[PDB]
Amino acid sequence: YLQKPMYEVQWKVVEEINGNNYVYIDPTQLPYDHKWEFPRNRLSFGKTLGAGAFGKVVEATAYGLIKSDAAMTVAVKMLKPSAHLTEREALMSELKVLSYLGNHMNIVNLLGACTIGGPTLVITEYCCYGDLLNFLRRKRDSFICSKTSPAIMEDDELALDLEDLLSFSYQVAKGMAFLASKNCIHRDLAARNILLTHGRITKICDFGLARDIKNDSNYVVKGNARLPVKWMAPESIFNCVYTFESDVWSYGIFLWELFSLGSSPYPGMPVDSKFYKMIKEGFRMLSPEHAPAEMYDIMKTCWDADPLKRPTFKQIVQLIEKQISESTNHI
């Protein structure tokens, strides 16, 4: 009888200085270069990586994607088989946004698409170690004791250490700097939306299509929707505005997840009316045990009540570059 909720593109591109303020570009207006088209008969689906309320992401092998004589593992985003054309247009819009952004080492990049002659599919890079949240949690024990035998995740049987966390901080800052440089806001930055691939390279993405948000307690009901309130800036929670500066707030929360070895933020504090209150009154999380003071300093600035006093990602990148440099022969 009526329309159920629809998948929407998570990342937004915004219009260049509304007036130190923000408005979204309708992604349908973005161009789509059909150079991305890949014949669907050259895709072989494997395991479902996750299924959410609107669709799923699956591992697949794409044959001749880049080199004619070479197969390649990819990830494929798709809606439910029953999805109508307007629902499927969201995936077209996602394709347009990824196309527009272009390629960076620290995002999950577009590799191709199947948008003709069948179900709409978006082919992206496959990240073999999965999401960073799960990685941190499974590798946690190896951080706490190096002699322990680390969780084997695909071909990665190495421990996690401080240098890993520093590298992840840096890489994610670089990927977010890249997004912001393209006037792109993520709006759901969190360890669950950062994936890990060969060389422990972190790639920022939106993995929400593979997630059942109703069964994820990190998303809470607020105003008809389910939102990652613990990652959100006070001004997003209260004014429903997402900005470059609220992405920075989220990155600060991500740094807390990182150095807490994948703890959920504000542990044991439900998102209720007093949570909202104490956030606006200036309550902030304490440092993670394993965070360098310098990294917690970054966190604290990411959480400045005044959005204009938060660092940009460009500045965070410069700050972490200085930390890593100064941390040599000190780890």
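Residue indices: 1-based, along the sequence shown.
Mean C-alpha B factor from the entry: is it higher for 61 to 69 or for 263 to 271?
Averaging CA B-factors over each stretch, the winner is 61 to 69.
Identify the stretch, either 190 to 198 or 152 to 160, whose C-alpha atoms have the larger mean B-factor according to the entry.
Higher mean C-alpha B-factor in the PDB entry: 152 to 160.
Among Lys56, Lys280, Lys300, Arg40, where is the Cα temperature factor highest, going by the PDB entry?
Result of the comparison over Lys56, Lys280, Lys300, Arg40: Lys280.
Criterion, highest CA B-factor; candidates, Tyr242, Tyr129, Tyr100, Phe254:
Across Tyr242, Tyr129, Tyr100, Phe254, the entry lists the biggest C-alpha B-factor for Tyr242.
C-alpha B factor of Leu308, ranked within the chain: lowest, middle or highest third?
For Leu308, the deposited C-alpha B-factor lands in the middle third.
Mind checking which third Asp216 falls in for C-alpha B-factor across the chain?
Tercile = highest for this residue's CA B-factor.
Please place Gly208 in the lowest, middle or highest third of its chain by C-alpha B factor as given in the entry.
For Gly208, whose C-alpha B-factor we compare with every modelled residue in the chain, the answer is the lowest third.
Tell me, lowest, middle or highest third: where does the Cα B factor of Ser142 rank within its chain?
Answer is highest: the recorded C-alpha B-factor places it there.
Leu258, C-alpha B-factor rank within chain (lowest, middle or highest third)
For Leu258, the deposited C-alpha B-factor lands in the middle third.
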